[PDB]
Amino acid sequence: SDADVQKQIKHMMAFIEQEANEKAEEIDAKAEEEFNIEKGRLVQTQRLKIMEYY
Amino acid sequence: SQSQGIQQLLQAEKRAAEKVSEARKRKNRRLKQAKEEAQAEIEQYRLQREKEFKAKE
Amino acid sequence: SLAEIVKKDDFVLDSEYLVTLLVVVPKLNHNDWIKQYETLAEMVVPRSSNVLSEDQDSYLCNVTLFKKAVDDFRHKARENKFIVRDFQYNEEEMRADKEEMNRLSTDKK
């Protein structure tokens, strides 16, 4: 029994590391979204104020 | 001893936490980058509007 | 009350993908449970069982495992007549029982 249980879990535990890597890739997708959102909000708000001044 | 199996659980969780933490660090760095790149682009727009305003003057 | 026996070193907690379950078994059936419990779900490590204590009828053990295992494990535990008692190191509750034990036994006197 015990040796087969050790081999089985040593295979299966890799899916936990894979799903954590996918969670990290989702946090990086949120990084790309929030970059574009923050840059858009800042640039458009100030571009309009600069335009109105001139 | 149970440390055989317990350290395999903790190893997968520590690896998982490292990947998630590294992505969270990148997320914070990207938010700072958005401020820096926005600050550059609004000044470039102001400089273009200034050159146009000086030409109209 | 679990306040008689529980200590932090027997538990794996405070984790995104890890859980501790707690299960009671009769003292004769414990000799089968020691192997059978690892069959109740996938995503269970070998030697995941830490015993907290025995008594005149039974044993209680912590089982350490990944989060995907737990609902299959608990349902198959109930199917095999093993009894769930998931006291996941409730430090506030063990301290409250100790405080009321010392207080009530003093205050009655």
# chains A, B, ... in the order shown; residues from 1 in each chain; ligands from 1
call {"tool": "interface_residues", "arguments": {"of": "chain C", "to": "chain B", "cutoff": "10 Å", "atoms": "only C-alpha atoms", "output": "number ranges by chain"}}
result
C: 11-13, 15-19, 43-50, 64-66
call {"tool": "write_last_selection", "arguments": {"atoms": "C-alpha atoms", "output": "PDB file, in the first residue's frame"}}
result
ATOM      1  CA  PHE C  11      -2.198  20.970  12.881  1.00  0.00           C
ATOM      2  CA  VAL C  12      -1.662  22.234   9.295  1.00  0.00           C
ATOM      3  CA  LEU C  13      -3.784  25.399   8.797  1.00  0.00           C
ATOM      4  CA  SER C  15      -3.013  28.045   4.091  1.00  0.00           C
ATOM      5  CA  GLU C  16      -4.685  28.532   0.658  1.00  0.00           C
ATOM      6  CA  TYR C  17      -4.604  24.852  -0.477  1.00  0.00           C
ATOM      7  CA  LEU C  18      -4.227  22.971   2.900  1.00  0.00           C
ATOM      8  CA  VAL C  19      -6.752  21.798   5.548  1.00  0.00           C
ATOM      9  CA  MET C  43      -5.186  14.493  -2.618  1.00  0.00           C
ATOM     10  CA  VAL C  44      -4.253  12.901   0.793  1.00  0.00           C
ATOM     11  CA  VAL C  45      -0.513  12.432   1.661  1.00  0.00           C
ATOM     12  CA  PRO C  46       0.720   9.133   3.223  1.00  0.00           C
ATOM     13  CA  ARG C  47       1.131   9.381   7.061  1.00  0.00           C
ATOM     14  CA  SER C  48      -1.257  12.426   7.165  1.00  0.00           C
ATOM     15  CA  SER C  49      -2.728  11.203  10.534  1.00  0.00           C
ATOM     16  CA  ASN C  50      -1.573  12.741  13.830  1.00  0.00           C
ATOM     17  CA  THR C  64      -3.691  16.770   6.999  1.00  0.00           C
ATOM     18  CA  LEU C  65      -4.621  17.087   3.277  1.00  0.00           C
ATOM     19  CA  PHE C  66      -5.190  19.411   0.274  1.00  0.00           C
TER      20      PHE C  66
END
call {"tool": "residues_around", "arguments": {"residues": "residue 20 (chain B)", "least_positions_apart": "2", "cutoff": "9 Å", "atoms": "only C-alpha atoms", "output": "PyMOL selection string"}}
result
(chain A and resi 20-21+23-25+27) or (chain B and resi 15-18+22-25)
call {"tool": "interface_residues", "arguments": {"of": "chain A", "to": "chain B", "cutoff": "9 Å", "atoms": "only C-alpha atoms", "output": "NGL selection string"}}
result
:A and (6 or 10 or 13-14 or 16-21 or 23-32 or 34-44 or 46-47 or 50-51 or 54)
call {"tool": "write_last_selection", "arguments": {"atoms": "N, CA and C atoms", "output": "short mmCIF file (atom, residue, chain, number, x, y, z; two decimals), in the first residue's frame"}}
result
data_model
loop_
_atom_site.label_atom_id
_atom_site.label_comp_id
_atom_site.auth_asym_id
_atom_site.auth_seq_id
_atom_site.Cartn_x
_atom_site.Cartn_y
_atom_site.Cartn_z
N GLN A 6 2.38 6.96 -1.91
CA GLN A 6 3.43 7.96 -2.10
C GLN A 6 3.63 8.32 -3.58
N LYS A 10 2.59 12.03 -5.20
CA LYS A 10 3.72 12.72 -5.85
C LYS A 10 3.38 13.15 -7.29
N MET A 13 -0.13 15.97 -6.60
CA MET A 13 0.19 17.27 -5.97
C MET A 13 0.68 18.32 -6.98
N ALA A 14 1.17 17.91 -8.15
CA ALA A 14 1.55 18.82 -9.23
C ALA A 14 0.36 19.66 -9.73
N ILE A 16 -1.96 21.02 -7.87
CA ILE A 16 -2.05 22.14 -6.92
C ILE A 16 -1.06 23.25 -7.31
N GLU A 17 0.18 22.89 -7.63
CA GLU A 17 1.18 23.84 -8.13
C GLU A 17 0.77 24.48 -9.46
N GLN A 18 0.18 23.71 -10.38
CA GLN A 18 -0.35 24.23 -11.64
C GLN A 18 -1.48 25.24 -11.41
N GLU A 19 -2.47 24.93 -10.57
CA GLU A 19 -3.55 25.86 -10.27
C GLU A 19 -3.06 27.12 -9.54
N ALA A 20 -2.02 27.01 -8.70
CA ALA A 20 -1.38 28.18 -8.12
C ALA A 20 -0.63 29.03 -9.16
N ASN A 21 0.02 28.41 -10.14
CA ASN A 21 0.60 29.13 -11.27
C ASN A 21 -0.49 29.81 -12.12
N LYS A 23 -3.41 30.85 -10.86
CA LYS A 23 -3.78 31.96 -9.97
C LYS A 23 -2.79 33.13 -10.10
N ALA A 24 -1.49 32.86 -10.15
CA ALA A 24 -0.48 33.88 -10.41
C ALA A 24 -0.66 34.54 -11.80
N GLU A 25 -0.94 33.77 -12.85
CA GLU A 25 -1.25 34.31 -14.18
C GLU A 25 -2.54 35.15 -14.20
N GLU A 26 -3.56 34.81 -13.40
CA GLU A 26 -4.75 35.65 -13.23
C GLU A 26 -4.43 36.96 -12.50
N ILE A 27 -3.57 36.94 -11.48
CA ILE A 27 -3.10 38.15 -10.80
C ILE A 27 -2.31 39.05 -11.77
N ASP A 28 -1.49 38.47 -12.65
CA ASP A 28 -0.85 39.20 -13.74
C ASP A 28 -1.84 39.74 -14.79
N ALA A 29 -2.92 39.02 -15.10
CA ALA A 29 -3.98 39.55 -15.96
C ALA A 29 -4.67 40.77 -15.31
N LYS A 30 -4.96 40.71 -14.00
CA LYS A 30 -5.44 41.86 -13.22
C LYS A 30 -4.42 43.01 -13.21
N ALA A 31 -3.12 42.71 -13.17
CA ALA A 31 -2.07 43.72 -13.29
C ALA A 31 -2.14 44.47 -14.64
N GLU A 32 -2.30 43.76 -15.75
CA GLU A 32 -2.46 44.35 -17.08
C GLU A 32 -3.76 45.16 -17.22
N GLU A 34 -5.55 46.63 -14.61
CA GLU A 34 -5.41 47.79 -13.74
C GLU A 34 -4.38 48.81 -14.25
N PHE A 35 -3.31 48.36 -14.93
CA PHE A 35 -2.39 49.27 -15.61
C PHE A 35 -3.11 50.13 -16.65
N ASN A 36 -3.85 49.50 -17.56
CA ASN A 36 -4.59 50.20 -18.61
C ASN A 36 -5.71 51.09 -18.03
N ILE A 37 -6.42 50.62 -17.00
CA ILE A 37 -7.48 51.38 -16.32
C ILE A 37 -6.90 52.64 -15.66
N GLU A 38 -5.85 52.50 -14.85
CA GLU A 38 -5.23 53.62 -14.14
C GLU A 38 -4.62 54.64 -15.11
N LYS A 39 -3.88 54.17 -16.12
CA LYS A 39 -3.31 55.04 -17.15
C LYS A 39 -4.40 55.79 -17.92
N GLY A 40 -5.47 55.10 -18.33
CA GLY A 40 -6.62 55.71 -18.99
C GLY A 40 -7.28 56.80 -18.15
N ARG A 41 -7.65 56.49 -16.90
CA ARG A 41 -8.28 57.44 -15.96
C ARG A 41 -7.44 58.70 -15.77
N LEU A 42 -6.15 58.55 -15.50
CA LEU A 42 -5.22 59.67 -15.32
C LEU A 42 -5.05 60.48 -16.60
N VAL A 43 -4.67 59.84 -17.71
CA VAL A 43 -4.39 60.54 -18.98
C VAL A 43 -5.63 61.26 -19.48
N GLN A 44 -6.79 60.60 -19.58
CA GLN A 44 -7.99 61.25 -20.12
C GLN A 44 -8.47 62.41 -19.24
N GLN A 46 -6.68 64.39 -17.16
CA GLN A 46 -5.74 65.51 -17.29
C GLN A 46 -5.69 66.07 -18.71
N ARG A 47 -5.72 65.23 -19.76
CA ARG A 47 -5.77 65.67 -21.17
C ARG A 47 -6.94 66.62 -21.41
N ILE A 50 -6.18 69.98 -19.53
CA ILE A 50 -5.15 70.67 -20.32
C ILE A 50 -5.77 71.30 -21.57
N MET A 51 -6.63 70.56 -22.28
CA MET A 51 -7.34 71.06 -23.45
C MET A 51 -8.21 72.27 -23.10
N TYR A 54 -5.98 75.49 -22.50
CA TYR A 54 -5.58 76.13 -23.76
C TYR A 54 -6.78 76.64 -24.56
#
call {"tool": "residues_around", "arguments": {"residues": "region 77-89 of chain C", "least_positions_apart": "4", "cutoff": "6 Å", "atoms": "only C-alpha atoms", "output": "VMD selection string"}}
result
chain C and resid 21 to 25 73
call {"tool": "residues_around", "arguments": {"residues": "region 95-106 of chain C", "least_positions_apart": "6", "cutoff": "10 Å", "atoms": "only C-alpha atoms", "output": "list in words"}}
result
residues 1, 2, 3 and 4 of chain C
call {"tool": "write_last_selection", "arguments": {"atoms": "N, CA, C and O atoms", "output": "compact mmCIF listing (two decimals), in the first residue's frame"}}
result
# COMPACT_ATOMS: atom_id res chain seq x y z
N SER C 1 -14.94 18.30 25.56
CA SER C 1 -14.21 19.47 25.09
C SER C 1 -12.81 19.12 24.56
O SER C 1 -12.06 18.38 25.20
N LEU C 2 -12.43 19.69 23.42
CA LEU C 2 -11.10 19.54 22.82
C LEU C 2 -9.99 20.30 23.59
O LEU C 2 -8.81 20.03 23.38
N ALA C 3 -10.35 21.20 24.51
CA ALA C 3 -9.41 21.98 25.32
C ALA C 3 -8.49 21.12 26.22
O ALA C 3 -7.44 21.59 26.65
N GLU C 4 -8.88 19.88 26.49
CA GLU C 4 -8.07 18.91 27.24
C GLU C 4 -6.81 18.45 26.47
O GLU C 4 -5.82 18.08 27.10
call {"tool": "atom_distance", "arguments": {"atom1": "CA of residue 72 (chain C)", "atom2": "CA of residue 9 (chain A)"}}
result
16.0 Å
call {"tool": "select_by_dssp", "arguments": {"residues": "chain C", "states": "alpha helix (DSSP H)", "output": "PyMOL selection string"}}
result
chain C and resi 30-36+70-79+91-108
call {"tool": "write_last_selection", "arguments": {"atoms": "N, CA and C atoms", "output": "JSON list (two decimals), in the first residue's frame"}}
result
[["chain", "number", "residue", "atom", "x", "y", "z"],
["C", 30, "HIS", "N", -10.10, 1.31, 15.01],
["C", 30, "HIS", "CA", -8.90, 2.14, 14.79],
["C", 30, "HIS", "C", -7.80, 1.40, 14.01],
["C", 31, "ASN", "N", -7.60, 0.11, 14.31],
["C", 31, "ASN", "CA", -6.63, -0.74, 13.61],
["C", 31, "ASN", "C", -6.90, -0.88, 12.10],
["C", 32, "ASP", "N", -8.16, -0.78, 11.66],
["C", 32, "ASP", "CA", -8.51, -0.69, 10.24],
["C", 32, "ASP", "C", -8.43, 0.75, 9.73],
["C", 33, "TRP", "N", -8.95, 1.71, 10.51],
["C", 33, "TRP", "CA", -8.97, 3.13, 10.17],
["C", 33, "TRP", "C", -7.58, 3.66, 9.79],
["C", 34, "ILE", "N", -6.52, 3.27, 10.52],
["C", 34, "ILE", "CA", -5.12, 3.66, 10.28],
["C", 34, "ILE", "C", -4.70, 3.55, 8.80],
["C", 35, "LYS", "N", -5.22, 2.56, 8.06],
["C", 35, "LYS", "CA", -5.02, 2.44, 6.60],
["C", 35, "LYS", "C", -6.22, 2.95, 5.81],
["C", 36, "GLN", "N", -7.44, 2.60, 6.22],
["C", 36, "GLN", "CA", -8.66, 2.93, 5.47],
["C", 36, "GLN", "C", -8.88, 4.44, 5.29],
["C", 70, "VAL", "N", -11.46, 17.31, 0.92],
["C", 70, "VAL", "CA", -12.15, 17.34, 2.22],
["C", 70, "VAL", "C", -13.61, 16.87, 2.20],
["C", 71, "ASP", "N", -14.39, 17.25, 1.19],
["C", 71, "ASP", "CA", -15.82, 16.89, 1.15],
["C", 71, "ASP", "C", -16.04, 15.43, 0.74],
["C", 72, "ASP", "N", -15.23, 14.91, -0.18],
["C", 72, "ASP", "CA", -15.19, 13.48, -0.48],
["C", 72, "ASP", "C", -14.75, 12.68, 0.75],
["C", 73, "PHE", "N", -13.70, 13.14, 1.44],
["C", 73, "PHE", "CA", -13.17, 12.49, 2.63],
["C", 73, "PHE", "C", -14.23, 12.40, 3.73],
["C", 74, "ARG", "N", -14.89, 13.52, 4.06],
["C", 74, "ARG", "CA", -15.91, 13.57, 5.11],
["C", 74, "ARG", "C", -17.15, 12.75, 4.75],
["C", 75, "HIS", "N", -17.62, 12.80, 3.51],
["C", 75, "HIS", "CA", -18.76, 11.98, 3.10],
["C", 75, "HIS", "C", -18.44, 10.48, 3.14],
["C", 76, "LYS", "N", -17.27, 10.07, 2.63],
["C", 76, "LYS", "CA", -16.84, 8.66, 2.70],
["C", 76, "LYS", "C", -16.49, 8.23, 4.13],
["C", 77, "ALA", "N", -16.04, 9.13, 5.00],
["C", 77, "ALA", "CA", -15.89, 8.86, 6.43],
["C", 77, "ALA", "C", -17.25, 8.51, 7.07],
["C", 78, "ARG", "N", -18.28, 9.34, 6.86],
["C", 78, "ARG", "CA", -19.66, 9.06, 7.32],
["C", 78, "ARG", "C", -20.20, 7.74, 6.76],
["C", 79, "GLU", "N", -19.96, 7.44, 5.48],
["C", 79, "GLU", "CA", -20.37, 6.17, 4.86],
["C", 79, "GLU", "C", -19.74, 4.95, 5.57],
["C", 91, "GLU", "N", -8.45, 28.27, 19.26],
["C", 91, "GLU", "CA", -7.73, 28.78, 20.43],
["C", 91, "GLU", "C", -8.61, 29.65, 21.35],
["C", 92, "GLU", "N", -9.50, 30.45, 20.77],
["C", 92, "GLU", "CA", -10.44, 31.28, 21.52],
["C", 92, "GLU", "C", -11.42, 30.43, 22.35],
["C", 93, "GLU", "N", -11.88, 29.31, 21.79],
["C", 93, "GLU", "CA", -12.86, 28.43, 22.44],
["C", 93, "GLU", "C", -12.22, 27.57, 23.54],
["C", 94, "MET", "N", -11.01, 27.03, 23.32],
["C", 94, "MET", "CA", -10.31, 26.29, 24.37],
["C", 94, "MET", "C", -9.97, 27.20, 25.56],
["C", 95, "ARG", "N", -9.53, 28.44, 25.31],
["C", 95, "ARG", "CA", -9.25, 29.41, 26.36],
["C", 95, "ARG", "C", -10.53, 29.80, 27.11],
["C", 96, "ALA", "N", -11.64, 30.01, 26.40],
["C", 96, "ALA", "CA", -12.93, 30.29, 27.04],
["C", 96, "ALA", "C", -13.40, 29.14, 27.95],
["C", 97, "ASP", "N", -13.26, 27.88, 27.52],
["C", 97, "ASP", "CA", -13.60, 26.73, 28.37],
["C", 97, "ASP", "C", -12.71, 26.66, 29.62],
["C", 98, "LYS", "N", -11.39, 26.89, 29.48],
["C", 98, "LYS", "CA", -10.45, 26.93, 30.62],
["C", 98, "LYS", "C", -10.80, 28.04, 31.61],
["C", 99, "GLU", "N", -11.07, 29.24, 31.10],
["C", 99, "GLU", "CA", -11.50, 30.39, 31.91],
["C", 99, "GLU", "C", -12.79, 30.09, 32.68],
["C", 100, "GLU", "N", -13.83, 29.59, 32.01],
["C", 100, "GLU", "CA", -15.09, 29.26, 32.69],
["C", 100, "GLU", "C", -14.95, 28.08, 33.66],
["C", 101, "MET", "N", -14.13, 27.07, 33.37],
["C", 101, "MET", "CA", -13.86, 25.98, 34.31],
["C", 101, "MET", "C", -13.26, 26.50, 35.62],
["C", 102, "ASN", "N", -12.18, 27.29, 35.54],
["C", 102, "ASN", "CA", -11.54, 27.87, 36.71],
["C", 102, "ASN", "C", -12.48, 28.85, 37.43],
["C", 103, "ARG", "N", -13.17, 29.72, 36.67],
["C", 103, "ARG", "CA", -14.10, 30.71, 37.23],
["C", 103, "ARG", "C", -15.29, 30.05, 37.93],
["C", 104, "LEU", "N", -16.06, 29.21, 37.25],
["C", 104, "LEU", "CA", -17.29, 28.63, 37.79],
["C", 104, "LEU", "C", -17.03, 27.75, 39.02],
["C", 105, "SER", "N", -15.98, 26.92, 38.98],
["C", 105, "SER", "CA", -15.58, 26.10, 40.14],
["C", 105, "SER", "C", -15.15, 26.96, 41.34],
["C", 106, "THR", "N", -14.53, 28.12, 41.11],
["C", 106, "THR", "CA", -14.20, 29.08, 42.17],
["C", 106, "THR", "C", -15.44, 29.83, 42.67],
["C", 107, "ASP", "N", -16.25, 30.37, 41.77],
["C", 107, "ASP", "CA", -17.42, 31.20, 42.09],
["C", 107, "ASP", "C", -18.51, 30.41, 42.82],
["C", 108, "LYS", "N", -18.73, 29.12, 42.50],
["C", 108, "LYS", "CA", -19.65, 28.27, 43.27],
["C", 108, "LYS", "C", -19.22, 28.17, 44.74]]
call {"tool": "decode", "arguments": {"residues": "region 28-58 of chain C", "atoms": "N, CA and C atoms", "output": "tab-separated table (two decimals), in the first residue's frame"}}
result
chain	number	residue	atom	x	y	z
C	28	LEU	N	-11.40	-0.64	18.63
C	28	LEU	CA	-11.21	-1.86	17.82
C	28	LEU	C	-11.07	-1.53	16.32
C	29	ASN	N	-11.94	-0.65	15.81
C	29	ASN	CA	-11.96	-0.21	14.41
C	29	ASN	C	-10.76	0.68	14.03
C	30	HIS	N	-10.10	1.31	15.01
C	30	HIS	CA	-8.90	2.14	14.79
C	30	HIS	C	-7.80	1.40	14.01
C	31	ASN	N	-7.60	0.11	14.31
C	31	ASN	CA	-6.63	-0.74	13.61
C	31	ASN	C	-6.90	-0.88	12.10
C	32	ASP	N	-8.16	-0.78	11.66
C	32	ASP	CA	-8.51	-0.69	10.24
C	32	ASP	C	-8.43	0.75	9.73
C	33	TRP	N	-8.95	1.71	10.51
C	33	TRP	CA	-8.97	3.13	10.17
C	33	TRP	C	-7.58	3.66	9.79
C	34	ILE	N	-6.52	3.27	10.52
C	34	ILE	CA	-5.12	3.66	10.28
C	34	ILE	C	-4.70	3.55	8.80
C	35	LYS	N	-5.22	2.56	8.06
C	35	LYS	CA	-5.02	2.44	6.60
C	35	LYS	C	-6.22	2.95	5.81
C	36	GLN	N	-7.44	2.60	6.22
C	36	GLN	CA	-8.66	2.93	5.47
C	36	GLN	C	-8.88	4.44	5.29
C	37	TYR	N	-8.50	5.28	6.26
C	37	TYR	CA	-8.75	6.72	6.18
C	37	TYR	C	-8.08	7.37	4.95
C	38	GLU	N	-6.87	6.93	4.58
C	38	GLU	CA	-6.16	7.44	3.39
C	38	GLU	C	-6.85	7.08	2.06
C	39	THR	N	-7.80	6.14	2.06
C	39	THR	CA	-8.58	5.75	0.87
C	39	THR	C	-9.83	6.61	0.65
C	40	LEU	N	-10.24	7.42	1.63
C	40	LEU	CA	-11.53	8.13	1.61
C	40	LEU	C	-11.61	9.26	0.57
C	41	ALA	N	-10.48	9.82	0.13
C	41	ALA	CA	-10.40	10.81	-0.94
C	41	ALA	C	-9.05	10.78	-1.66
C	42	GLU	N	-9.00	11.32	-2.88
C	42	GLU	CA	-7.74	11.72	-3.53
C	42	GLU	C	-7.10	12.91	-2.79
C	43	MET	N	-5.88	13.32	-3.19
C	43	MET	CA	-5.19	14.49	-2.62
C	43	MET	C	-4.88	14.40	-1.10
C	44	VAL	N	-4.70	13.18	-0.58
C	44	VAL	CA	-4.25	12.90	0.79
C	44	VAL	C	-2.82	12.34	0.77
C	45	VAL	N	-1.89	12.96	1.51
C	45	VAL	CA	-0.51	12.43	1.66
C	45	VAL	C	-0.48	11.17	2.54
C	46	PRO	N	0.47	10.23	2.30
C	46	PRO	CA	0.72	9.13	3.22
C	46	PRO	C	1.15	9.69	4.59
C	47	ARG	N	0.80	8.99	5.67
C	47	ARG	CA	1.13	9.38	7.06
C	47	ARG	C	0.56	10.76	7.45
C	48	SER	N	-0.56	11.16	6.85
C	48	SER	CA	-1.26	12.43	7.16
C	48	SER	C	-1.90	12.49	8.56
C	49	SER	N	-2.07	11.35	9.23
C	49	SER	CA	-2.73	11.20	10.53
C	49	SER	C	-1.80	11.52	11.70
C	50	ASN	N	-2.15	12.52	12.50
C	50	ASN	CA	-1.57	12.74	13.83
C	50	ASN	C	-2.63	12.44	14.91
C	51	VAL	N	-2.37	11.48	15.80
C	51	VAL	CA	-3.26	11.18	16.93
C	51	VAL	C	-3.21	12.30	17.97
C	52	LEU	N	-4.37	12.77	18.45
C	52	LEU	CA	-4.44	13.68	19.60
C	52	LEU	C	-4.50	12.88	20.90
C	53	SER	N	-5.47	11.96	21.03
C	53	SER	CA	-5.56	11.03	22.16
C	53	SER	C	-6.47	9.83	21.90
C	54	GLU	N	-6.31	8.82	22.75
C	54	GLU	CA	-7.20	7.69	22.97
C	54	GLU	C	-8.10	7.89	24.21
C	55	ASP	N	-9.15	7.08	24.34
C	55	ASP	CA	-9.90	6.88	25.58
C	55	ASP	C	-10.41	5.42	25.70
C	56	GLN	N	-11.33	5.17	26.63
C	56	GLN	CA	-11.93	3.86	26.90
C	56	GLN	C	-12.74	3.27	25.73
C	57	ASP	N	-13.16	4.09	24.76
C	57	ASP	CA	-13.99	3.69	23.62
C	57	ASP	C	-13.31	3.87	22.26
C	58	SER	N	-12.37	4.81	22.11
C	58	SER	CA	-12.09	5.48	20.84
C	58	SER	C	-10.74	6.21	20.76
